[PDB]
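Encoded as structure tokens, the following chain is the form deposited in one PDB entry, with no partner shown.
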């Protein structure tokens, strides 16, 4: 179990770590979060009590270094930093735990939720989408635009998701216009999976990461990307059976975790109705269709 220690909590803020959120009060005894499960990426995110504008946060993996949080009163935010002095870090964390100055990551032992949301997400791939190679962790916030969004404005602060565009020369073979527009299997299997992602695990990892940035930060371009990657699969007549089964599980846990009160802004009615009821894969997503119909029947 690993630890994200704070230097202190000077401004009132809602802190989240993966699917958990808690409030920390204006000058309250707080030195961080302990008992963080090793083996998964994690995200620690912030929403200031006084300006809920800009949710922001950090993706990190404790196996890649010792990370802490320290408020910066000049830039006005909680910043993640790496401690290179390993002995110093352990001493600090120890000292902190002794004084019970930390909240406990409360992992129900029955609960596989976070694994199921992050199964294919890798820090190395996050760092290629979020370009800031001097840090081992990645900053994301509510307002960062995607490369594709910037095509339709600071390149260094963008989310470099794989561009998907169904009316593009990449998507459409000369001479197979109707075939390739109505059945996206060429774009999915040859262009994206064989060509770009190399395998379905990398494709699913980007899909999961896009969903999590949409949900945790309200990042609109991430929501677009999540839906585009779903639609590309469901709109392909030829998809490896193992990918369809895994997609159903992925989407199931994403819909299960989505806050009910956010469904209005995080779910695209057209994409979901097409995917579940009109697409080539309309009958391949049994678990996802069941939770959608029982939890969000209004959208449909």
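Positions refer to the first chain, counted from 1. Note that the rigid core is defined as the largest set of C-alphas that superpose within 1.5 Å between two forms. Shifts are known only where both forms have a C-alpha.
If you look for the form solved in complex with a small molecule, you will not find it shown, but the lines that follow are about it.
- Interface residue remark: residue 42 is not counted as part of the site for the small molecule in the deposited bound form, having no heavy atom within 4.5 Å.
- Within this chain, residue 110 is remote from the site of the small molecule in the deposited bound form, having no heavy atom within 4.5 Å.
- The small molecule is not drawn, but in the deposited bound form it has no heavy atom within 4.5 Å of residue 191.
- The closest non-hydrogen atom of residue 183 lies beyond 4.5 Å of the small molecule in the deposited bound form.
- For the three residues 6, 89 and 102, a heavy atom within 4.5 Å of the small molecule turns up in the deposited bound form in every case.
- 96-99 stands as the sole run between this form and the one not shown where every Cα shifts by 2 Å or more, at least three residues long, with the core as reference frame.
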